[PDB]
2 protein chains.
Amino acid sequence: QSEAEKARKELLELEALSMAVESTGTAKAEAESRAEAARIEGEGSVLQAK
Amino acid sequence: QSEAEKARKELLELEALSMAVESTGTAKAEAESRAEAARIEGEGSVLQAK
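Parameters and conventions
- Residues numbered from 1 in each chain as written, not as in the entry; some residues may be left out.
- Chains lettered and ligands numbered in written order.
- Part of a larger assembly, values for the part shown.
- Heavy atoms only, no water.
- Helix = DSSP H or I, 4+ residues; strand = E, 2+ residues; numbered from the N terminus.
- Expected span 1.5 Å × (residues − 1).
- Contact = heavy atoms within 4.5 Å.
- Buried area = accessible area lost by both parts, 1.4 Å probe.
- Salt bridge = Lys/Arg side-chain N within 4 Å of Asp/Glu carboxyl O.
- Polar contact = N/O pair within 3.5 Å; in protein donor to acceptor, adjacent residues only side chain to side chain.
- Nonpolar A, V, L, I, M, F, W, Y, C, P; charged D, E, K, R; others polar.

cryo-EM is the method the PDB entry lists for this structure, together with a resolution of 2.9 Å.

See the structure below:
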């Protein structure tokens, strides 16, 4: 079980990077889509006010 | 499982870009259509007021 845990430490190291990528991708996508839609609505509202 | 996670990290990297594209496309389309319709209504209302 000591050697099994020595390898399992490395697996748990790699799953950390996988979970980091899988969380930051969802966060970045859902943020940037709403930022782009807000930019479109603002640039529209300038012309609508004119 | 360590090597399987080393490849799964790369798959999770690519799915991030796919999810980013799939979210920003829907956001950009639904924003720009309403911006164009608002432009049409504004340019109409100028002439209607004249």
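This paragraph deals with helix 1 (residues 2–49) of chain B. With 48 residues, helix 1 of chain B extends 70 Å from end C-alpha to end C-alpha; this agrees with the ideal 70 Å at 1.5 Å per step. Looking at the buried side of helix 1 of chain B, the elements it contacts are helix 1 (2–49) of chain A.

Below, the discussion takes up the interface of chain B and chain A. Residue-level contacts link 20 residues of chain B with 17 residues of chain A. On the chain B side of the interface with chain A, the three residues burying the most area are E5, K9 and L12 of chain B, jointly 28% of the side's total. Our count for the contact surface shared by chain B and chain A stands at 0 salt bridges. The interface formed by chain B and chain A includes 0 residue pairs in polar contact. Here the residues of the side of chain B that touches chain A sort into 8 nonpolar, 4 polar and 8 charged.

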